[PDB]
Amino acid sequence: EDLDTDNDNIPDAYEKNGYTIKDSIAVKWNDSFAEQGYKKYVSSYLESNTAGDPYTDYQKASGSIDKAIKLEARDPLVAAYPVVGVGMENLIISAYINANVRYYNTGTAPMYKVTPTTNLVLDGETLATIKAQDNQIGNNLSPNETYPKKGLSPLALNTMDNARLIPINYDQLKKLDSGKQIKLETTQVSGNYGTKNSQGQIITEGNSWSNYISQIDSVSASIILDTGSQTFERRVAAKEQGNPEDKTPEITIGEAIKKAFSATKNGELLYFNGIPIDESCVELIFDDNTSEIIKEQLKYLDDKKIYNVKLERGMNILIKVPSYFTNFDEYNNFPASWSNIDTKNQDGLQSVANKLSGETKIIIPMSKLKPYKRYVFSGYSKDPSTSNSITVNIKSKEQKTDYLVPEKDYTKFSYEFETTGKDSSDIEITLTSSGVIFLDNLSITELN
Amino acid sequence: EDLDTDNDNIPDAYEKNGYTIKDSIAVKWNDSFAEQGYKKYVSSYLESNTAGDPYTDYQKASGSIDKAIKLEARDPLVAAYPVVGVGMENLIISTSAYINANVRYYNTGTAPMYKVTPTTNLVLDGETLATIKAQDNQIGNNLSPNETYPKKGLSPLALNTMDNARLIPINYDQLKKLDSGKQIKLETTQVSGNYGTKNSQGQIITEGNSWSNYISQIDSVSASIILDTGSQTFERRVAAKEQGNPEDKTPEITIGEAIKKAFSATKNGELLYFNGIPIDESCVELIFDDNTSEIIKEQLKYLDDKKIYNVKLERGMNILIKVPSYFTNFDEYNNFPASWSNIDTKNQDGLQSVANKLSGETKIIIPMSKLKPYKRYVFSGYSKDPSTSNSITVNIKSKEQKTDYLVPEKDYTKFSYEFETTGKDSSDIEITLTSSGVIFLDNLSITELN
Amino acid sequence: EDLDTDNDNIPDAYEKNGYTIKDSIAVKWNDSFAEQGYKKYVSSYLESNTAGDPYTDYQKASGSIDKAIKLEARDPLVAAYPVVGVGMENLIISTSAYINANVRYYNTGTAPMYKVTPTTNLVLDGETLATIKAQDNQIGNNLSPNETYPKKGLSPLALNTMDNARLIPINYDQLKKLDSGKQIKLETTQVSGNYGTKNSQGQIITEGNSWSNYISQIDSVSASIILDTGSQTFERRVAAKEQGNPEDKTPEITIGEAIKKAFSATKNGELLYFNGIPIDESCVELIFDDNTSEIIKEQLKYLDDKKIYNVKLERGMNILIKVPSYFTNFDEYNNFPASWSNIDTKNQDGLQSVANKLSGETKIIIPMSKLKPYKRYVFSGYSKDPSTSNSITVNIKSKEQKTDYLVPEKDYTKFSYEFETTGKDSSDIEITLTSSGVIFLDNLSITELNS
Ligand SMILES: [Ca+2]
Ligand SMILES: [Ca+2]
Ligand SMILES: [Ca+2]
Ligand SMILES: [Ca+2]
Ligand SMILES: [Ca+2]
Ligand SMILES: [Ca+2]
Ligand SMILES: [Ca+2]
Ligand SMILES: [Ca+2]
Ligand SMILES: [Ca+2]
């Protein structure tokens, strides 16, 4: 019907079910609209700002907002949340200290009039707090862009009060003599956002992000997709547990990721920029509460998959893309081939598996490895016999010798090791199979 | 009807009785609505701000306020009021002598306080060295309730400015005082902050909405209730009607109902659980001031049940709830590292399921290395003696040896014993009690005090 | 009727007589409303701000103002006036040189002052040395009535800036005068603040407001009344009418009713219980100024009741009340550690229940542990002698020995024996009064007399 309660130019029955914006008006969603590119949106029929961002449901869905905002935030659930963090490009150092900084942005919305805050800490003790004065105020910061932009020298940082920074008493300098870098972390960032007024001009002076930070961060779940070379932070709204009046739609984790990161789902797989980010080909990291929630919710779920559980308010997810991944079907970035591998199989995770008769050993050079970094190998093993014992030997700073008991179906195993020293002993990784085993989706991922 | 005397979008007939918000329209409360998850809201029918907070009754009940405000303040009787404090995480002194400190603001209220500007006092022993207000660099943009600034995982910020010259204290006297062994303390006085109100356009504005306007109003028409689970401290303000004024129509509720409303704790029939932990009458120790203690003493003798959680709440009461660290009830919880002596679980006269049957004396050997020194602890429990012919004395070892007697009554009685524990390399703590005959015990606990 | 001349939502026919507020609408007063707890107010029907405070009569009567405003000020005849002072708690001087001051503001009025900002002189001996206005570090966001800043439980704030800068005893005279029995006392010339009014959007705004506008109006239509119990101090202002104006329709009330309205004291027939401590005329020693004393002396001869709590309150009167430190009416209170000698309670013609049937003289010794050194005390009581044949003389031993004589009247008469005590370890005070025959004495009072 045409009854409207929240007063956001979208009918209630259209909000509860699917709806799309056609020629600046909302129409009932029809499945035949998928081919043309029309996207189906659903949102609560009792609130205008569903995700908490300043733009309402009609403004976000109809594209009537600032053009710098990515298409990911045009979904009423994804919040236009700019994430800004100061990076320390170089250090210059009684003694006067200078630093080179360059702000980074990863959210779905730009931040105007950037004004960050920094902490000068070396070990626990913080020397001083710096609010960037009028010299370092970055006027514009588009998503996935830096201030200054690529191809420009980072701007200096000497303004503390026009007093300059200085470590005094020589005790901090004495501690630094042994070697302790001065960390630069961003406590907070102050910025504005764009709203078109009655006269049509974009006004970005009276606005402020700080009013909506405590609201966006309280009615949404953070989902981060890290590919190593770049990071993307998105927040997806979700309903409360014991609230009988919260009409925020419920979405699965996979659907939340697809909505947030604008992933092209081709049949069954999920792709971000041509790289698969589906459940079986990426290592996910959750905090303790999310891990407990998922563990509790898997038993009640028949399919028993991570990407089929509903999202909940307060969730935290990190999607760590593997550094090196192979599947024996369409991708193998490993510089060195594996040992005793047979592709003549049909019982794999998607198409084929690895038929091993004996043991598999892999040798990796140190050219493509980062010293003082932790790497984790993972894969899926299938053994219908359930009678073969498999052990793995890992050569590293600390020698590891562990055994595994594969099940009838595919099971994911995680083995953690740390490599220290670029010019160290060659890493030896060997796994032994009692009989014939099936392997698929072997991945190498760099961690903290 | 539709008579709206105070004009808060809720009819007075539904304000006097129970009302609930459904589709942003107030509806009459029904007993069947409880199963679907709805809650019954009651508020006065002569004013818009029943609890004195900047948001009205309809805004609080219908959730038309900032989403960072806890559901604990969605009740019209529970005010939205942030309690911001400052914690001196570290001290740095440099060579007259320049003093620097690391602070980290803490919020334990219900509503966020944007743009926090704390004012702090630098006191060493009685004499106050200086009074400092937060500068342009020590201001936190967002302080969500039950959070800090900087958030968890970041170093504390510095406070090395007096106005923008550094701190300039005295030269010799303060150093001589410090070298004696005293410690610089920090005592916050007042904090400045704002709150959001969705204007006509739809943009939340938090510039002129100072929290300081609604502090003297909130603290005057509310009964302060404070919780302390040891780690996570909670403080709340609950509205209470005036005593001798008939024109004040604020609803009156019991202390237990006030606690359940303020802290949103689940109640499974009769027992009350906060997060699965018991904070009911016998499961926690209540602390009052003089006025509340006298009022409760006068009111209790008029109550047949003799229950603290059934005393009508009044304006200005101060109630502190301190959850004991060590709690054993012989039913589902026993956190004491050392097993007790002469304890029997075969009973049916307990407060909830069973009690403790003692034949002789009860002795416990509690390790002290697991107990922090330089603190004060209170031993509490309930004793029941139908015979009323047993003399009980307690043997407690501490810094000063103490021994007290007890005369149990027919029913269960709560007894409190006070002692001081100091010194890490000190004598082990021993607690022993002797019973003349067979006695019934329940809910034995050890609680930390000031 | 509905004749609302003053445009304050209360009819004139209701304002001239009594009116009570029920269900946010003013209704006429009937005596049956007393037992339910309602109160009757009277106000001038040509003015909205009858008392001079920024809140109108309807708002104050209905309680539609800031909730921190005291219940004592909901009466339209009592003005909401935050009397904010600054107290000296600790003084530090150490190197011209430097001297540090710790202060703690006090509020005693019926209204809270927001964003307080005092302006204090630091005098040495008559001569002024400096004038320090509070900076951004010395501003109290909230100062609720009967509550200080910093609130009780926290140490007082410092005072180390006249402009920023450091506060200095500039010349050597202030360096040498410290130890010669002198003072660095602090007195507040003025204080600043705001008040909270709700705008059309329901929000309380305290920015554009200021108490400085409503001071010369509140002080010029009122009658200052101060109460001093020796620990807590209250100051109130009660509206009154100008004598030479035929259009000031402000209702006229007596001093006793003014006290009852201002301090919310309860009157259960004959007892005026402020907070359980009686503040009746006989049970306290009043202290007036010159003008009020002359006014009462002139008016009393035209009144047959012969009481101070009956004289009509007039604009500009100043009244100070000092609750007696040591009082005993032989009925329900006696704070004297030692019982008085030669006491006979077998009587019924006392002021309230019984009197004292003295036969001879009376003597008692007051312990020195409860006397303020270097202070002037006052001993007073009522004396009745129907016989009118016994002369009363007293012998007092103190720092200076004094003898006083009294001439009793037919009915009760109040005597005063003003004396001075100095020194903690001084000579014991000898209290001795001699009566030739049988005399009646009542209400022995001991009130410290202000300088
Ligand atoms: Ca709608
Ligand atoms: Ca909507
Ligand atoms: Ca494969
Ligand atoms: Ca109403
Ligand atoms: Ca109401
Ligand atoms: Ca039990
Ligand atoms: Ca009138
Ligand atoms: Ca009037
Ligand atoms: Ca008497």
# chains A, B, ... in the order shown; residues from 1 in each chain; ligands from 1
>>> select_by_dssp(residues="region 146-282 of chain B", states="strand (DSSP E or B)", output="NGL selection string")
:B and (148-149 or 157-158 or 185-194 or 197-198 or 204-205 or 210 or 222-228 or 233-239 or 254 or 266-268 or 271-273 or 278)
>>> residues_around(residues="residue 3 (chain B)", least_positions_apart="4", cutoff="8 Å", atoms="only C-alpha atoms", output="PyMOL selection string")
chain B and resi 11-13
>>> write_last_selection(atoms="N, CA, C and O atoms", output="PDB file, in the first residue's frame")
ATOM      1  N   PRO B  11      -1.521  10.049  25.799  1.00  0.00           N
ATOM      2  CA  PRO B  11      -2.668  10.479  26.604  1.00  0.00           C
ATOM      3  C   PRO B  11      -2.448  10.210  28.085  1.00  0.00           C
ATOM      4  O   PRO B  11      -1.776   9.253  28.473  1.00  0.00           O
ATOM      5  N   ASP B  12      -3.033  11.077  28.917  1.00  0.00           N
ATOM      6  CA  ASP B  12      -2.841  10.969  30.359  1.00  0.00           C
ATOM      7  C   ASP B  12      -3.439   9.685  30.920  1.00  0.00           C
ATOM      8  O   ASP B  12      -2.918   9.133  31.897  1.00  0.00           O
ATOM      9  N   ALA B  13      -4.526   9.196  30.319  1.00  0.00           N
ATOM     10  CA  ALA B  13      -5.107   7.933  30.760  1.00  0.00           C
ATOM     11  C   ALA B  13      -4.135   6.780  30.552  1.00  0.00           C
ATOM     12  O   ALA B  13      -4.086   5.845  31.360  1.00  0.00           O
TER      13      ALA B  13
END
>>> residues_near_ligand(ligand="ligand 7", cutoff="9 Å", atoms="only C-alpha atoms and all ligand atoms", output="list in words")
residues 3, 4, 5, 6, 7, 8, 9, 10, 11, 12, 13, 14, 15, 16, 43, 44, 45, 46, 47, 48, 57 and 58 of chain C
>>> interface_residues(of="chain A", to="chain B", cutoff="8 Å", atoms="only C-alpha atoms", output="JSON, numbers by chain")
{"A": [5, 46, 54, 117, 119, 121, 124, 125, 126, 127, 128, 129, 130, 131, 161, 168, 169, 185, 187, 188, 190, 210, 211, 212, 213, 214, 215, 218, 219, 242, 243, 244, 245]}
>>> write_last_selection(atoms="N, CA, C and O atoms", output="compact mmCIF listing (two decimals), in the first residue's frame")
# COMPACT_ATOMS: atom_id res chain seq x y z
N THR A 5 4.85 5.76 7.27
CA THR A 5 4.95 6.11 8.68
C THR A 5 6.25 6.83 9.01
O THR A 5 6.23 7.85 9.71
N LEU A 46 10.07 1.78 9.65
CA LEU A 46 9.78 2.65 10.78
C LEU A 46 10.84 3.71 11.04
O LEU A 46 10.64 4.56 11.91
N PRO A 54 24.07 10.13 7.76
CA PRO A 54 23.20 11.31 7.64
C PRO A 54 22.19 11.24 6.51
O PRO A 54 21.14 11.90 6.59
N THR A 117 44.36 13.68 15.01
CA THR A 117 45.05 13.78 16.29
C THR A 117 46.03 12.63 16.40
O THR A 117 45.72 11.50 16.02
N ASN A 119 49.41 10.67 18.71
CA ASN A 119 50.04 10.38 19.99
C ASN A 119 51.50 10.03 19.75
O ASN A 119 51.81 9.17 18.92
N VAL A 121 54.21 8.19 21.24
CA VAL A 121 54.52 7.16 22.22
C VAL A 121 55.72 6.36 21.73
O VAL A 121 55.87 6.10 20.53
N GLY A 124 54.73 2.80 25.92
CA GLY A 124 53.71 3.11 26.90
C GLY A 124 53.54 4.59 27.16
O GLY A 124 52.44 5.13 27.01
N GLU A 125 54.62 5.26 27.56
CA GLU A 125 54.56 6.68 27.90
C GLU A 125 54.37 7.52 26.64
O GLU A 125 55.10 7.36 25.66
N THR A 126 53.40 8.42 26.68
CA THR A 126 53.08 9.29 25.55
C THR A 126 53.68 10.67 25.80
O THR A 126 53.42 11.29 26.83
N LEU A 127 54.49 11.14 24.84
CA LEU A 127 55.18 12.42 25.03
C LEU A 127 54.21 13.59 24.97
O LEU A 127 54.22 14.46 25.86
N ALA A 128 53.36 13.64 23.95
CA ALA A 128 52.45 14.76 23.77
C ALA A 128 51.36 14.37 22.79
O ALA A 128 51.45 13.36 22.09
N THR A 129 50.31 15.19 22.76
CA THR A 129 49.20 15.04 21.82
C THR A 129 49.19 16.22 20.86
O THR A 129 49.37 17.37 21.28
N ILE A 130 48.98 15.94 19.58
CA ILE A 130 49.05 16.94 18.53
C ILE A 130 47.73 16.94 17.78
O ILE A 130 47.31 15.91 17.25
N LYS A 131 47.07 18.10 17.73
CA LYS A 131 45.95 18.32 16.83
C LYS A 131 46.47 19.12 15.64
O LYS A 131 47.06 20.19 15.82
N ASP A 161 51.73 23.65 19.25
CA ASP A 161 50.85 24.62 19.90
C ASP A 161 50.19 25.52 18.86
O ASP A 161 49.44 26.43 19.21
N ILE A 168 62.57 16.10 25.91
CA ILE A 168 63.43 16.79 26.87
C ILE A 168 63.81 15.78 27.96
O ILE A 168 63.23 14.70 28.07
N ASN A 169 64.82 16.15 28.76
CA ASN A 169 65.39 15.45 29.90
C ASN A 169 66.36 14.34 29.48
O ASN A 169 66.97 13.72 30.36
N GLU A 185 50.03 6.92 16.23
CA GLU A 185 48.70 6.37 16.05
C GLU A 185 47.67 7.49 16.12
O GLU A 185 47.87 8.49 16.82
N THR A 187 44.36 8.97 17.31
CA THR A 187 43.33 8.83 18.33
C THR A 187 41.94 9.12 17.76
O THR A 187 40.99 8.37 18.01
N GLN A 188 41.81 10.20 16.99
CA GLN A 188 40.53 10.60 16.43
C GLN A 188 40.77 11.49 15.23
O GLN A 188 41.84 12.07 15.07
N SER A 190 38.61 14.58 12.94
CA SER A 190 37.47 15.50 12.89
C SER A 190 37.28 15.99 11.46
O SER A 190 38.21 16.53 10.86
N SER A 210 31.45 13.63 13.66
CA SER A 210 31.48 13.17 15.05
C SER A 210 30.09 12.96 15.64
O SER A 210 29.96 12.22 16.61
N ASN A 211 29.06 13.60 15.07
CA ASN A 211 27.71 13.38 15.58
C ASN A 211 27.19 11.99 15.23
O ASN A 211 26.39 11.43 15.97
N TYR A 212 27.64 11.43 14.10
CA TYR A 212 27.14 10.15 13.63
C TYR A 212 28.09 8.99 13.86
O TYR A 212 27.73 7.85 13.55
N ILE A 213 29.30 9.24 14.37
CA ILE A 213 30.24 8.15 14.62
C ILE A 213 29.69 7.21 15.69
O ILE A 213 29.65 5.99 15.51
N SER A 214 29.24 7.78 16.81
CA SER A 214 28.72 6.97 17.91
C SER A 214 27.39 6.33 17.59
O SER A 214 26.94 5.46 18.34
N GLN A 215 26.75 6.72 16.49
CA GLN A 215 25.52 6.09 16.03
C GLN A 215 25.76 5.05 14.95
O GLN A 215 25.12 4.00 14.95
N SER A 218 27.34 1.94 16.52
CA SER A 218 26.53 1.27 17.53
C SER A 218 25.37 0.47 16.95
O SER A 218 24.76 -0.32 17.69
N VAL A 219 25.04 0.63 15.67
CA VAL A 219 23.94 -0.10 15.06
C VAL A 219 24.42 -0.84 13.82
O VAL A 219 23.64 -1.12 12.91
N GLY A 242 16.76 -8.16 21.46
CA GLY A 242 15.52 -8.20 22.21
C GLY A 242 14.56 -7.07 21.91
O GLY A 242 13.68 -6.77 22.71
N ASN A 243 14.71 -6.43 20.75
CA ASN A 243 13.85 -5.31 20.39
C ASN A 243 12.73 -5.79 19.48
O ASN A 243 13.01 -6.22 18.34
N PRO A 244 11.47 -5.75 19.91
CA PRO A 244 10.37 -6.20 19.06
C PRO A 244 9.95 -5.20 17.99
O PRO A 244 9.08 -5.52 17.18
N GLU A 245 10.54 -4.01 17.97
CA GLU A 245 10.16 -2.97 17.02
C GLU A 245 11.26 -2.63 16.03
O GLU A 245 11.07 -1.74 15.20
>>> residues_around(residues="residue 381 (chain A)", least_positions_apart="4", cutoff="10 Å", atoms="only C-alpha atoms", output="tab-separated table (two decimals) with C-alpha atoms, in the first residue's frame")
chain	number	residue	atom	x	y	z
A	348	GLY	CA	37.29	-31.98	-5.28
A	349	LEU	CA	35.79	-28.99	-3.53
A	353	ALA	CA	41.10	-32.65	-5.99
A	354	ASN	CA	44.72	-33.70	-5.45
A	405	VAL	CA	43.13	-37.02	11.60
A	406	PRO	CA	41.10	-36.27	8.45
A	407	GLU	CA	37.38	-37.00	8.35
A	408	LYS	CA	35.15	-38.45	5.64
A	409	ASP	CA	34.33	-35.05	4.11
A	410	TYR	CA	36.45	-31.97	3.45
A	411	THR	CA	37.94	-30.49	6.62
A	412	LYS	CA	39.88	-27.24	6.98
A	413	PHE	CA	43.14	-27.42	8.94
A	437	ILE	CA	44.15	-38.68	0.21
A	438	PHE	CA	42.30	-35.81	-1.46
A	439	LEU	CA	43.56	-32.23	-1.19
A	440	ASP	CA	42.20	-28.92	-2.45
A	441	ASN	CA	42.64	-25.17	-1.89
A	442	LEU	CA	46.13	-25.03	-0.40
>>> residues_near_ligand(ligand="ligand 9", cutoff="6 Å", atoms="only C-alpha atoms and all ligand atoms", output="list in words")
residues 329, 330, 350, 351, 354, 355 and 442 of chain C
>>> atom_distance(atom1="CA of residue 145 (chain A)", atom2="CA of residue 446 (chain A)")
24.6 Å
>>> residues_around(residues="residue 296 (chain C)", least_positions_apart="2", cutoff="12 Å", atoms="only C-alpha atoms", output="ChimeraX atom specification")
/C:254-255,288-294,298-303,306-314,317-319
>>> interface_residues(of="chain C", to="chain B", cutoff="9 Å", atoms="only C-alpha atoms", output="short mmCIF file (atom, residue, chain, number, x, y, z; two decimals) with N, CA and C atoms, in the first residue's frame")
data_model
loop_
_atom_site.label_atom_id
_atom_site.label_comp_id
_atom_site.auth_asym_id
_atom_site.auth_seq_id
_atom_site.Cartn_x
_atom_site.Cartn_y
_atom_site.Cartn_z
N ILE C 21 -2.97 25.69 42.30
CA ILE C 21 -2.72 25.16 40.97
C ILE C 21 -3.00 23.67 40.99
N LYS C 22 -3.97 23.24 40.18
CA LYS C 22 -4.30 21.83 40.03
C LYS C 22 -4.48 21.53 38.55
N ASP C 23 -3.80 20.47 38.08
CA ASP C 23 -3.89 20.04 36.68
C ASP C 23 -3.49 21.15 35.72
N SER C 24 -2.42 21.87 36.06
CA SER C 24 -1.81 22.91 35.23
C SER C 24 -2.74 24.09 34.95
N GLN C 36 -5.28 18.07 51.86
CA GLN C 36 -4.64 17.32 50.79
C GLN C 36 -3.19 17.73 50.57
N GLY C 37 -2.77 18.89 51.08
CA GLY C 37 -1.40 19.34 50.95
C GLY C 37 -1.19 20.52 50.02
N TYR C 38 -2.25 21.10 49.46
CA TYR C 38 -2.10 22.24 48.59
C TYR C 38 -1.81 23.50 49.40
N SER C 62 2.95 26.90 39.31
CA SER C 62 2.75 25.57 38.76
C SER C 62 4.02 24.73 38.76
N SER C 64 6.71 25.13 36.76
CA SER C 64 7.12 24.92 35.37
C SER C 64 8.51 25.47 35.09
N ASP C 66 13.03 25.39 36.25
CA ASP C 66 14.11 24.44 36.51
C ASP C 66 13.88 23.73 37.84
N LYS C 67 14.00 22.40 37.82
CA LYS C 67 13.66 21.61 39.00
C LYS C 67 14.63 21.83 40.15
N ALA C 68 15.81 22.38 39.89
CA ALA C 68 16.77 22.64 40.96
C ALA C 68 16.42 23.88 41.78
N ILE C 69 15.49 24.70 41.29
CA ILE C 69 15.01 25.83 42.08
C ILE C 69 14.29 25.30 43.31
N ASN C 90 42.28 27.68 52.41
CA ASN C 90 43.69 27.47 52.73
C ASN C 90 44.51 28.48 51.93
N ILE C 92 48.50 29.69 50.83
CA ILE C 92 49.90 29.32 50.69
C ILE C 92 50.65 30.49 50.08
N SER C 94 54.74 31.49 49.08
CA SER C 94 56.12 31.05 48.96
C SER C 94 56.69 31.55 47.64
N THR C 95 57.91 32.07 47.70
CA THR C 95 58.58 32.58 46.51
C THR C 95 59.01 31.45 45.58
N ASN C 100 49.63 31.60 46.88
CA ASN C 100 48.60 30.77 46.27
C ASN C 100 47.39 30.71 47.19
N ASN C 102 43.40 28.96 47.84
CA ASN C 102 42.43 27.91 47.57
C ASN C 102 41.05 28.39 48.01
N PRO C 112 19.80 27.96 41.45
CA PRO C 112 21.17 27.59 41.09
C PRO C 112 21.76 28.53 40.04
N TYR C 114 24.47 29.02 37.14
CA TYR C 114 25.27 28.28 36.17
C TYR C 114 26.40 29.15 35.65
N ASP C 136 39.13 30.85 32.92
CA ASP C 136 38.46 29.66 32.41
C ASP C 136 38.63 28.45 33.33
N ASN C 137 39.65 28.44 34.17
CA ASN C 137 39.88 27.33 35.09
C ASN C 137 39.05 27.43 36.36
N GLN C 138 38.42 28.58 36.62
CA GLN C 138 37.70 28.78 37.87
C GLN C 138 36.23 29.08 37.63
N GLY C 140 32.43 27.37 37.59
CA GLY C 140 31.63 26.22 37.98
C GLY C 140 30.40 26.06 37.12
N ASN C 141 30.31 24.94 36.39
CA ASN C 141 29.23 24.76 35.44
C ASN C 141 27.87 24.73 36.13
N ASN C 142 27.78 24.08 37.28
CA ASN C 142 26.55 24.00 38.05
C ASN C 142 26.84 24.31 39.51
N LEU C 143 26.04 25.20 40.09
CA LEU C 143 26.11 25.52 41.52
C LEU C 143 24.69 25.42 42.06
N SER C 144 24.29 24.21 42.44
CA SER C 144 22.94 23.98 42.93
C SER C 144 22.79 24.58 44.33
N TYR C 149 31.08 24.30 45.23
CA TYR C 149 31.90 23.94 44.07
C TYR C 149 33.36 24.18 44.40
N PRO C 150 34.22 23.14 44.39
CA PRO C 150 33.88 21.74 44.09
C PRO C 150 33.01 21.11 45.17
N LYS C 151 32.14 20.18 44.77
CA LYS C 151 31.17 19.63 45.69
C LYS C 151 31.86 18.91 46.84
N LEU C 154 35.67 16.85 47.56
CA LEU C 154 36.79 17.16 46.69
C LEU C 154 37.53 18.38 47.22
N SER C 155 38.83 18.44 46.93
CA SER C 155 39.66 19.52 47.42
C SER C 155 39.34 20.82 46.67
N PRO C 156 39.54 21.97 47.32
CA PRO C 156 39.24 23.25 46.67
C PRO C 156 40.22 23.56 45.54
N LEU C 157 39.74 24.37 44.60
CA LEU C 157 40.54 24.77 43.45
C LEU C 157 41.50 25.90 43.82
N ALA C 158 42.47 26.13 42.95
CA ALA C 158 43.51 27.13 43.18
C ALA C 158 43.15 28.45 42.50
N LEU C 159 43.91 29.49 42.86
CA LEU C 159 43.71 30.85 42.34
C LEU C 159 45.09 31.45 42.08
N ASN C 160 45.58 31.31 40.84
CA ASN C 160 46.93 31.72 40.50
C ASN C 160 46.96 32.47 39.17
N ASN C 164 47.40 34.46 30.94
CA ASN C 164 47.67 34.01 32.30
C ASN C 164 48.88 34.71 32.91
N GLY C 196 18.21 29.14 33.68
CA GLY C 196 17.77 28.24 32.63
C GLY C 196 16.31 28.34 32.26
N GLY C 202 11.70 23.06 23.82
CA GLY C 202 11.81 22.28 25.03
C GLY C 202 13.20 22.21 25.63
N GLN C 203 14.22 22.63 24.90
CA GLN C 203 15.58 22.59 25.43
C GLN C 203 15.81 23.73 26.41
N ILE C 204 16.55 23.44 27.47
CA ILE C 204 16.98 24.47 28.41
C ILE C 204 18.19 25.19 27.84
N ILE C 205 18.13 26.51 27.78
CA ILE C 205 19.22 27.33 27.28
C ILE C 205 19.68 28.26 28.39
N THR C 206 20.99 28.27 28.65
CA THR C 206 21.59 29.09 29.70
C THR C 206 22.68 30.00 29.14
N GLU C 207 22.63 30.30 27.85
CA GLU C 207 23.67 31.09 27.21
C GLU C 207 23.33 32.58 27.20
#
>>> residues_near_ligand(ligand="ligand 6", cutoff="12 Å", atoms="only C-alpha atoms and all ligand atoms", output="ChimeraX atom specification")
/B:282-283,327-334,343-357,381-383,412,440-445
>>> closest_residue(among="A:350, A:207, A:323, A:360", to="ligand 3", atoms="only C-alpha atoms and all ligand atoms")
A:350
>>> residues_near_ligand(ligand="ligand 2", cutoff="8 Å", atoms="only C-alpha atoms and all ligand atoms", output="PyMOL selection string")
chain A and resi 6-8+10+12+15+43-50+56-57
>>> atom_distance(atom1="CA of residue 190 (chain C)", atom2="CA of residue 212 (chain C)")
9.6 Å
>>> atom_distance(atom1="CA of residue 10 (chain B)", atom2="CA of residue 258 (chain B)")
22.3 Å
>>> closest_residue(among="C:30, C:335, C:393, C:233", to="residue 321 (chain C)", atoms="only C-alpha atoms")
C:233
>>> select_by_dssp(residues="region 87-256 of chain B", states="alpha helix (DSSP H)", output="NGL selection string")
:B and (173-180 or 255-256)
